[PDB]
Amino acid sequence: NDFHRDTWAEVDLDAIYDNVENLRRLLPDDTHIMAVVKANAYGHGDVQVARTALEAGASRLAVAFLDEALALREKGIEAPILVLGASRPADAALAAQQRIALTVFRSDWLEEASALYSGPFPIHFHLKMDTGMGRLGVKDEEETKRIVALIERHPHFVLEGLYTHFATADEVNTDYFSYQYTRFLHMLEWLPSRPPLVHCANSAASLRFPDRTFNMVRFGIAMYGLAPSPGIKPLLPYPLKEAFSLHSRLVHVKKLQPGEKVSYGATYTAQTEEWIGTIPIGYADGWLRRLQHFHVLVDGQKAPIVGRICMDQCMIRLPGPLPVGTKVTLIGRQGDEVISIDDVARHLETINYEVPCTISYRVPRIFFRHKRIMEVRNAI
């Protein structure tokens, strides 16, 4: 694959392999690892990360909705995939044919699907309980038993799993976590029998309480080398390796005289004779306007973004005359300086999760494996 703009993101698959393999070591051998690669693998490349995670010890994959699961199938992934979110009852037949497990949390969904499907492929369901997150999931005993009954009666409906999700597993204080875990324990007792897969842990819960994961963990954010939250950074068992980095290059360099203005609204004014550089990355690339008071790295040094950020490009103050084509690092390391996703996240006033997901389709992903380029993925 090829690209024609000097702006690209690099995904270190070696880092991903290490993050997942260290988990495989940490957890009891009888506990499976389900790698969650929804949202195009948190913006890292769905199939590339999936292949890698499976190599390091993961046995299943998780995605947000049906289209994401179907896309993985079309790209050659044959491992089991669980759809974590909602789906259309009418699509049960397509999920069954492609061997995609579904999440179920209401009986009227199953009523509707029983009438539209009748073999020959079995559909594997994972019953979702709401133990305190308030998103999706059952909350009553009568509804839980109704769902199980409706699944029990249809010869092609199978209950493969049962799970819940934590809302504060990344908080040092474990009060709410404890309530949720205990509630899950109580709700499990409402089932006539234990299905083969019982899961509840995300990255934070599995890294902190490996022994309280039952038989399968849904490993996300940490797989990409990002800490669930800064609070538990010191509580992590093994060092995480960040996999994402973003780069660009100077396409224009010029010296301004005192008084000249830069960018939209003419917000910035040079005061001395200064060198301004232009890089081909803007907010349509996910480098949002709120980042106008942040900085990038040029020739091992910090350089401030100057003026307002544009849709496809932005300006920065240079230390002096640098050659056109000089590499600029938005996220990553250059010399002794470094800009991590958490730094960007702080500035955007969000969590690290949102940063790589916002780096758009417009930006090419270059995959590294064994310290060498494996492939380039240019969405457009």
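Just count from 1 along the sequence shown to find any residue number.
Stretches 172-180 and 233-241 differ in mean C-alpha B factor, with the higher average recorded for 233-241. Mean CA temperature factor is higher for 364-372 when stretches 9-17 and 364-372 are set side by side in the entry. In the PDB entry, the Cα temperature factor peaks, among 189, 285, 160, 130, at 189. Comparing the listed residues 92, 205, 72, 115, the entry records the largest Cα B-factor for 115. Ranked against the other modelled residues of its chain, the C-alpha B-factor of residue 281 as given in the entry falls in the lowest third. Placement of the Cα temperature factor of residue 125 within the chain: middle third of the modelled residues, per the deposited record. Among the modelled residues of its chain, residue 119 has a C-alpha B-factor that falls in the highest third according to the deposited record. Ranked within its chain, residue 62 lands in the lowest third, by CA B factor from the PDB record. Residue 52 sits in the middle third of its chain by CA B factor, as recorded in the PDB entry.
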